[PDB]
Structure formats: structure tokens, C-alpha cells
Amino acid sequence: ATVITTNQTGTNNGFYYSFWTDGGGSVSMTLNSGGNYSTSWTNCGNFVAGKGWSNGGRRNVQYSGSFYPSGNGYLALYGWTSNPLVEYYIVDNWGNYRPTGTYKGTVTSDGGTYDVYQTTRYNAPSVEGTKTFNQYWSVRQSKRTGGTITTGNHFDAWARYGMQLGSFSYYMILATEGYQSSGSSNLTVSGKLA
């Protein structure tokens, strides 16, 4: 097992991982065998951590385990595109705060209905440094921890709603995210190209 407490990306037991924190409170990620990781956080500022793939794509993502936010946290298939720069989220679980934005319609996927939203961040941290970019959101209408995410269903719905992804030149991870919160997660990811 390897504990991560400091910003970095890399590979562990055949899986890509990303850890990122603004440095508030206490945040750790433990990288275990195959696709397993755990997180522990107390009074965090903002962090995103998880395992997945060096590049995004159309992938049937299978995951399982636990996700226990006290306050604001997300469980999301998460990644970035280039040209345009986009931060994208397929959110299966959350805490006290449900992600919202400009409502674009729904998509049905993996036993659930997802609300689609677009938001925009100005001069914020990104995989290209301090940048302005849109965020694309699929938010499940009912919370869960575990199952399949057919990323194709989301990407295609986004495209029908005029939300175009760039190139899959950056990571795609099954992410734990917290904001001014405490919690834990213990997750396993796997997947294959549709």
C-alpha cells in the first residue's frame, strides 16, 4: 500500500491515479491492489482523488465500495478534455449539495436517470494550469455507490445538448471529491472500451 498526501499523478498496480488538494485541512488517499483506493479527509478545502486511466474514452466503467461524506462530497466518473478544455463529471453520489447549473435535459443510463447541466469556471486550477473552462455534469436522480457507468451514453447526450467534448488527452478517474467537508471512501474500479 502507498499513501498519497501531495499533488501528483502516476500509475499503481496497473491503474492511473490523480491526487489533487488546495491544501486545506487533512486529506489522504491510499492506493491498494488492482483498482482499489481509499480516502480519508477532515475539514478539507477542496480535493479530487481517484484511480482510472491516463486517457478518457468510451468505457464501460464498473466500480464498487463505500462513499461516506459528512457535508459536501461527490462520487463521480471525472476527467478532462483539450481543445476545448472541459472538466466533466458523471455523478452517482453526493452529500448535502447537489451539483446544479444550466439544465440541458436528461439521459437514461445504467438503471438511472441523470440530469445534465453546464457550468463555467473563470481562471481556476486545471490540467492546463489557471484557465477558464466549461464543466459538463450528469447527475443521477438517486444516490448510489457502485454499479456500471456507460460513459458513451453521457458523452452522446452531452453532444445532443450542444456540449461538445475536446480530445481525451487527459485522465479519466472514478473520483472522490470534497468541499469544506469530512469523510471517507473505499472504492474499486475496472472497465473496458465499448
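Throughout, we count residues from 1 along the sequence that is shown.
Check your understanding: Averaging C-alpha B-factors over each stretch, which comes out higher, 176-184 or 13-21?
Key -> So the stretch with the higher mean C-alpha B-factor is 13-21.
Point to revise | Higher-scoring stretch by recorded Cα B factor average, 155-163 or 54-62 | key: Taking the mean B-factor of the alpha carbons in each, 54-62 is higher.
Review point. Taking the entry's C-alpha B-factors for this chain, is residue 141 in the lowest, middle or highest third?
Key: Lowest third - that is where residue 141 ends up once the chain's C-alpha B-factors are sorted.
Review point. Relative to the other modelled residues in the chain, which third contains the C-alpha temperature factor of residue 101: lowest, middle or highest?
Key: Its C-alpha B-factor, which the entry lists for residue 101, ranks in the middle third among residues of this chain.
Check your understanding: Lowest, middle or highest third: where is residue 134 by Cα B-factor in its chain?
Key -> As the PDB entry reports it, the C-alpha B-factor of residue 134 lands in the lowest third of its chain.
Exercise for review: Among all modelled residues of this chain, ranked by Cα B factor, put residue 109 in the bottom, middle or top third, i.e. lowest, middle or highest.
Suggested key: Its C-alpha B-factor belongs to the middle third of this chain's values.
Review point. Taking the entry's C-alpha B-factors for this chain, is residue 118 in the lowest, middle or highest third?
Key: For residue 118, the deposited C-alpha B-factor lands in the lowest third.
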